[PDB]
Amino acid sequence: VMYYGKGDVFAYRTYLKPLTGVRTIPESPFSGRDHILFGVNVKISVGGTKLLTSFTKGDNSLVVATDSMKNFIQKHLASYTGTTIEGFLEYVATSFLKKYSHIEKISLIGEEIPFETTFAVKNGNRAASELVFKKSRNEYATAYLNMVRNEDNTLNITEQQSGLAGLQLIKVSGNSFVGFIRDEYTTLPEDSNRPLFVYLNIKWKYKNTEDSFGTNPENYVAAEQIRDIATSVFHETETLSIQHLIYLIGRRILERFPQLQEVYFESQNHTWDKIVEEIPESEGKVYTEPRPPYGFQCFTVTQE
């Protein structure tokens, strides 16, 4: 292994070209992105056999300073004329390999820094502000791209993946976990109605990488729409386990987006412990935080 790079390259751009012309799905009102504020946290990794002596000999002649990579990324956000994080990464990657001919491979991660709208009164009505936004620490979109330089100096994308990270959903009823193995290691009671709390990280891969860029936006798959599929399927489903749930979410995603090749889930179980089961004259209960150990699932659904 031989790579080096720069992480936590925060970059905030105002007035990026808006994303419009997307194709809708029943589960989601998503219709585009205004891009008054477009925030991204980028990580860049680069490799190439010509870098060996920077490790073995202390020779920095072919070292692009990691600080310079930060400058590169931030200056390219200013010149980017596209509309997606996925497209931004392609722009940075192609540009970097063109600039630095001794680099053979580049890997990029971009994570959305999401902002929400806020209310303001002006001119007699209350409406969403075009100026004031709220920083969100909830779920966020992600993108990943790897690009290589070939022997003939052409550049190729070798892997692309988009995602939604940090979605935390609790369904208060309509979930069971029963029928699992009861042996000398089992102390978990069967539960026919639990308040399932899942953390979800959902990643998708396109059949055609061009569709990830937003250039023909009707082919773009938006993290917002993926979120809304997840919440809809969770609601609709009498869940039998998290495994059961995430397969159903993945199937719905692939049905709604035939341009996707596969969808990958990282889920965690954070369901609360029950403290009070019955409340007089109420359907309510009281729960509390569990001990730290958490269940998790890793699972891919493919169009095949």
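What we label the rigid core is the largest C-alpha set whose atoms superpose within 1.5 Å from one form to the other. In case it trips you up, residue 1 is the first one in the sequence shown, and so on.
S.K.: Please tell me which region, 95 to 103 or 124 to 132, has C-alphas lying farther from the displayed form on average in 8 other deposited structures of this protein, with superposition done on the core.
M.R.: Looking at 124 to 132 and 95 to 103 in 8 other deposited structures of this protein, the bigger mover is 124 to 132.
S.K.: Between 133 to 141 and 150 to 158, which has the larger RMS C-alpha deviation from this form in 8 other deposited structures of this protein after core superposition?
M.R.: Between 133 to 141 and 150 to 158, the one lying farther away in 8 other deposited structures of this protein is 150 to 158.
S.K.: If we scan the other compared entries, does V42 go without coordinates in at least a third?
M.R.: It is not, since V42 is included in all of the other entries that model both flanking stretches.
S.K.: Do a third or more of the other compared entries leave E278 out of the model?
M.R.: Yes, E278 lacks coordinates in at least a third of the other compared entries.
S.K.: For the C-alpha atoms alone, is the average B factor greater in 139 to 147 or in 174 to 182, going by the entry?
M.R.: Mean CA B-factor is higher for 174 to 182.
S.K.: For the higher mean C-alpha B factor in the entry, choose 183 to 191 or 71 to 79.
M.R.: Averaging CA B-factors over each stretch, the winner is 183 to 191.
S.K.: Just to confirm, going by the entry's C-alpha B-factors, which of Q160, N153, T118, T94 comes out highest?
M.R.: In this record, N153 carries the highest C-alpha B-factor of the candidates.
S.K.: Return the residue from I85, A165, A223, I103 that has the highest Cα B-factor in the entry.
M.R.: Largest recorded C-alpha B-factor: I103.
S.K.: Of the three thirds of its chain by CA temperature factor, lowest, middle or highest, which one includes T24?
M.R.: Its C-alpha B-factor belongs to the lowest third of this chain's values.
S.K.: Which third of the chain does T53 land in by C-alpha B-factor: lowest, middle or highest?
M.R.: Ranked within chain, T53 CA B lands in the highest tercile.
S.K.: Is the Cα B-factor recorded for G47 in the lowest, middle or highest third of its chain?
M.R.: Tercile = highest for this residue's CA B-factor.
S.K.: If you rank the chain by CA B-factor, which third does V64 end up in: lowest, middle or highest?
M.R.: Its C-alpha B-factor, which the entry lists for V64, ranks in the middle third among residues of this chain.
S.K.: C-alpha B factor of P217, ranked within the chain: lowest, middle or highest third?
M.R.: Its C-alpha B-factor, which the entry lists for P217, ranks in the middle third among residues of this chain.
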